[PDB]
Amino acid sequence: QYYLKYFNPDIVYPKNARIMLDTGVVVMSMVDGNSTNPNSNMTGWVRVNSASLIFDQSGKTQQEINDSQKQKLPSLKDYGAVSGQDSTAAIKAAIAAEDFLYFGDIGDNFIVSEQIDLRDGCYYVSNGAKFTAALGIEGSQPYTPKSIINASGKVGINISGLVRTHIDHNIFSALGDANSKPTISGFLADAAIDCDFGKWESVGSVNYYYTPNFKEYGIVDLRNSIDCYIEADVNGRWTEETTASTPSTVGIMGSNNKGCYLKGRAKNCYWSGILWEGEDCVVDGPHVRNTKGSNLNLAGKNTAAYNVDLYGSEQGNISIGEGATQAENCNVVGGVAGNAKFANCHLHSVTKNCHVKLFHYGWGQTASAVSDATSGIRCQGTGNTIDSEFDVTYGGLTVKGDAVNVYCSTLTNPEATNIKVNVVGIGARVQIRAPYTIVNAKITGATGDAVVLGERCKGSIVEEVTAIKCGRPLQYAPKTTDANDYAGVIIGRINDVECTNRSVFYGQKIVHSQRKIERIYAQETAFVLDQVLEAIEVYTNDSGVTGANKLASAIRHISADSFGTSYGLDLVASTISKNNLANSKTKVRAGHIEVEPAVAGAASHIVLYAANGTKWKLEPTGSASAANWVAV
């Protein structure tokens, strides 16, 4: 008929005997004296439907095959995580169990009710696996900061690939009060050591304002960590939503780190796009768009942002040392910063030896009237170096305020001192109001002064200013009434090309030079009478002389002749006459000197001394007569 036998209570089964369970599944006896009921007791029985009873061609059991094949890539889904379900339990189970672990892929979205703690020395792979926050993640009251994925106090994690985080702030907005609120990061690692945190793409955080001891957290946050690496791509939803209160703060946030590397992209942040604070940290090509805070904040010590790509702030592109204890050798190493309401780069008073190199434009985008805040580079601090490249027309934005603005308020404990300035660009001013400032500039097309040095520039060296088709190359405008204000200020080489107004100086420099023979060759071919080959001209602004002629004194290398077949010197002097400075010359000539009269109708003379130290003039009579010594 058919094959069917149940267990018989009275029978002894030999080895290899097959029967059925009440379920229908077939059992074989492994023993010769089998009396055991396989429905109750599998002692000396095997189920023939077992994986361990299927054989591959190789000689491996199917069991052996499933075991080795699984152990290659242990997944969250192996632990019964479900995409579009709460997977919390399953996730934590997976982590606790598996040193190497696969999250899943781009089609996976695991819902998480509790903070996911990574484990020490583990390796995690991820193909685009998303994690989504749900209620309860904020954890226990007195609320302390949490994340979806956490590596707080973890050592030697590796993450290979892409992890995605989703926080909807609208779920959490009703929780806490005035004093205490949830803080929910995408990723947090506080006190992590030597971790590669792979790649993140994260939307949203939860960081509503609470009144005492408010702590901002990033979407992606690494705090108090050592030798950690992450890549992160965050969206803060600023300008993509309307919200009652400020939901989220900083995009990507690094704070009190040592030796930590970011590859960083931030948008739509209600505070700072990227903040990176600490010691020997690196921001590698940060890319920031449309942030309510500053695009990029650096502090700490020897923290460098390389090849920046910043656009669109309610504040500035770059703060150095904003709200910070320390900003020592915090550097920006090339890039582009555009469309800031205030400054491209604000180097705060805290800054020590910060180096900024930047292409920058469309600062001072504020509706608000011009201030120190509306600068390209706004510089305070101690011995900062600016390498400015700028253009005012760039990206069809209209600037407000100086290209560079370096300034103290007082010479007594100055807020800005020892700054080095290197500035090239088109169509705004460099303003300096700070001691010991070293200035190099190339400026094209400024309406006004290329460069001004105002008050409080004591001991500034202006090495070189080249100005093409400006209002004025340089003006020095010190505090006249105070010797201290302009003491030791050196204006070096000023280069004027088709500037409207001459440069304006103050003070007299002391210069020490090597002995020279200076040789001026004139190629020209032809020289008319009293033609200047080479001159130095000294002009006065004396009270006593009001009226257009102000030549005080001059030395002129002259063509003496209507042929240029003789040459001399013009030793120029001056005296007040008819409310003007009248000029006259001692003429140094081949075989003669000639002293010219002070004015028409005055005689000229030679003053000599007797041995008794009385003084005598030889002065012509208007006749061909004996010369006599006339007392003077």
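The first residue of the shown sequence is 1; numbering continues from there.
A summary of the deposited B-factors shows that, of 247-255 and 367-375, the stretch with the larger mean C-alpha value is 367-375. When the mean C-alpha temperature factors of 200-208 and 133-141 are read from the deposited coordinates, 133-141 comes out higher. You'll see in the entry that, of 313, 126, 242, 559, the Cα B factor peaks at 242. The entry lists a Cα temperature factor for residue 463 that places it in the lowest third of the chain's modelled residues.
The entry lists a Cα temperature factor for residue 61 that places it in the lowest third of the chain's modelled residues. When the CA B factors of the chain's modelled residues are split into thirds, the value for residue 49 lands in the lowest one. Among all modelled residues in this chain, the alpha-carbon of residue 271 has a temperature factor (C-alpha) in the lowest third. In the deposited entry, the Cα temperature factor of residue 324 places it in the highest third of its chain's modelled residues.
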